[PDB]
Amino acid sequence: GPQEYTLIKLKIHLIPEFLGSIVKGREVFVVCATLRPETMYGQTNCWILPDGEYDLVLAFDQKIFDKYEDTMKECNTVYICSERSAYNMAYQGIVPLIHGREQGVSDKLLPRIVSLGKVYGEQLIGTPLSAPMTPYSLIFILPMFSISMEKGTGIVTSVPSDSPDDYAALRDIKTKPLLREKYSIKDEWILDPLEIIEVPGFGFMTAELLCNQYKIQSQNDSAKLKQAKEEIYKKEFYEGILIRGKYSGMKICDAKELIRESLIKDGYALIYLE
């Protein structure tokens, strides 16, 4: 049974040289899968799995190609994502496929994505990103250890006001200088949570309130975080009121698909199934 996500495109604002030599002038986005496009107003940072190994996937700019060279000339965009998600994107028309030459002979056509190279999540910690809707001009890639490489793209945007997981993981960074030292996390990469949604019995900073209610102490308390995640998801969909954006004042249930449609129209997001 597949699930529908919104893939959010976070533009790399300054491409580091270790990527620039491989992507050669192309726009590069880190792409994240979310069920909650309506929370983009509250993004504070991006999350990656430090030991996750990600692809640099050639993508269509805002039919299966016969030649690598033609695909390389026609596509000026790269998506950083798990290879797994890249194939799903390719089936869905989001990135090109080519008739691969890497095995067998010409008697069979073997469709393959075009991956320029690999990157470890750790190498991206600290990269500045332009993200949609958030008031921050730049947000930064930080480590999260609970990320599954088997889900979405393996890259996750952070809205700590309204995700218990994001709140716990960011608090882990804020309170452990041995964590910040290990990955050289600068202070200026750690941005304050933003009030974006009112939950009429809880206030405007609901993820923090629920982490306390469930007595969650770290981003590893999986069973507890699972209950918190599920409660905040249902409660906010049916009762949460947006206090930001075009649909400020409206319930999430009434605004969510309009927000999502706008992100898609504006080129910040895509529909993604897996």
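For every residue, the number given is its place in the sequence shown, counted from 1.
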* Asked: Do a third or more of the other compared PDB entries fail to give coordinates for residue 96?
  -> no
* Is residue 166 missing in a third or more of the other PDB entries that were compared? -> no
* To do: Answer with none, 1 to 3, 4 to 9, or 10 or more: how many deposited residues between residue 62 and residue 63 are not present in the coordinates.
  => 10 or more
* 117-125 set against 91-99, stretch whose average Cα temperature factor tops the other in the entry -> 117-125
* Structure fact -> Assert higher mean C-alpha B factor (74-82 or 186-194, deposited values) equals 186-194
* Structure fact -> Per the deposited entry, the peak Cα B-factor within the set 154, 200, 111, 135 goes to 200
* Highest Cα B-factor in the deposition, which of 253, 263, 12, 19? -> 19
* residue 139 by Cα B-factor - lowest, middle or highest third of the modelled chain -> lowest
* To do: Would you please rank residue 214 by its C-alpha temperature factor against the other modelled residues of its chain and give the third it falls in: lowest, middle or highest?
  => highest
* Name the third of the chain's ranked CA B-factors that contains residue 38, choosing lowest, middle or highest. => lowest
* Relative C-alpha B-factor of residue 56, binned into the chain's lowest, middle or highest third -> lowest
* **CA B-factor placement of residue 159, once the chain's modelled residues are sorted into thirds** => lowest
